[PDB]
Amino acid sequence: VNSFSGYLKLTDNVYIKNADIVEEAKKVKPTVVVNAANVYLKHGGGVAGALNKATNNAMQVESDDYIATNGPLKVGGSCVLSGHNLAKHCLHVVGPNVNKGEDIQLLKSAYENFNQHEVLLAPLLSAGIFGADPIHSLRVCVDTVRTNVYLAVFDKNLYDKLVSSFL
Ligand SMILES: O=C(c1ccccc1)c1ccc(CSc2ncnc3[nH]cnc23)cc1
């Protein structure tokens, strides 16, 4: 039993809700919140900009030190950093950005990072400003993630379309 509330169950292990991931993180304080990161951990907009804003820029400060030490992530890769006031940990996961020309096949590799964590609160990878089809992202999530994932979808219209079209 966990504290996630109001989710629709899609499969044995995947759950979905129309919710602001920032507000959901602040309420649940999950062990792991997933950020829709880029390789530079520059949290300017989309989910990343919103999560970072909620940390009063502490996420960005921590991230800049991480990059200075380790260099950029790989597309499809991830790193674990602090969750600040939102979660115990933040799993920064880089899905391919279609608006940059990145291989959409890397979306499966990106979701594989979730399997290193038993339970996660997450957005749909590569959705939103990353330019991929969210219906496809949900399909890859369900077919790749085996751990327990709670998906927060900000847009109500998109949430309804994802549920109604789910196979
Ligand atoms: O401006 C703030 C703010 C943050 C901290 C403190 C005060 C104000 C803001 C802005 C946007 C959002 C929406 S989060 C989101 N965006 C995009 N895609 C998603 N998929 C799931 N969730 C999302 C929430 C808060």
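Quick notes on the rules
- Residues numbered from 1 in each chain as written, not as in the entry; some residues may be left out.
- Heavy atoms only, no water.
- Buried < 20%, exposed > 50% of the residue type's maximum accessible area, 1.4 Å probe, protein only.
- Helix = DSSP H or I, 4+ residues; strand = E, 2+ residues; numbered from the N terminus.
- Pairing = 2+ DSSP bridges.
- Salt bridge = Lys/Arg side-chain N within 4 Å of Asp/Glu carboxyl O.
- Near = heavy atom within 4 Å.
- Polar contact = N/O pair within 3.5 Å; in protein donor to acceptor, adjacent residues only side chain to side chain.
- Areas by Shrake-Rupley, 256 points an atom, 1.4 Å probe, with all protein chains shown as cover.
- 1 Å grid on protein atoms, 1.4 Å probe; cavity = no way out; pocket = protein on both sides within 12 Å on 5 of 7 lines; lining within 4 Å.
- Sits in = over half its atoms within 2 Å of the grid points.
- Nonpolar A, V, L, I, M, F, W, Y, C, P; charged D, E, K, R; others polar.

Per the deposition metadata, X-ray crystallography was the technique used to determine this entry, at a resolution of 1.0200 Å.

Concerning the pairing of strand β5 (residues 89-93)
Counting buried residues along β5, 4 of its 5 residues qualify, which places the element largely inside the surrounding structure. Pairing between strand β3 (residues 32-36) and β5: 5 bridges, direction parallel. Looking at β5, one finds that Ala36 is bridged to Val93. In this sheet, β5 lies alongside strand β4 (residues 78-82) in antiparallel orientation, the contact comprising 5 bridges. Counterpart to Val80 in the pairing with β5 is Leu91.

Some words on the pattern of salt bridges
Under the defined criterion, the tally for this structure stands at 4 salt bridges. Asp143 is paired through a salt bridge with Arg139; the nearest N and O atoms lie 3.0 Å apart. Taken together, the residues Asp143 and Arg139, both in helix α5 (residues 134-144) and 4 residues apart, mark about one turn of the helix. Judged by its relative accessible area of 30%, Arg139 is partly exposed. Put simply, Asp160 and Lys156 hold a salt bridge, and the shortest N to O gap is 2.8 Å. In this pair, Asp160 and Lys156 are both assigned in helix α6 (residues 156-164), 4 residues apart and thus about one turn of the helix distant. For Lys156, a relative accessible area of 42% puts it in the partly exposed group.

Topic: the site of the ligand
Taken together, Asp20, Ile21, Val47, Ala50, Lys53, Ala54, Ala152 and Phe154 make up the full set of residues near the ligand. One nitrogen or oxygen atom from the main chain of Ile21 is found 3.3 Å from a nitrogen atom belonging to the ligand. In this structure, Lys53 approaches the ligand through a side-chain N or O atom, which is 2.5 Å from an oxygen atom. Its free accessible area being 560 Å², the ligand has 65% of it covered by the protein chains. Among the cavities detected, the one that contains the ligand is the largest pocket. The dominant element in the shell around the ligand, judged by the number of residues it contributes, is helix α2 (residues 46-54), at 4 residues. Among the residues forming the shell around the ligand, the class breakdown is 6 nonpolar, no polar and 2 charged.

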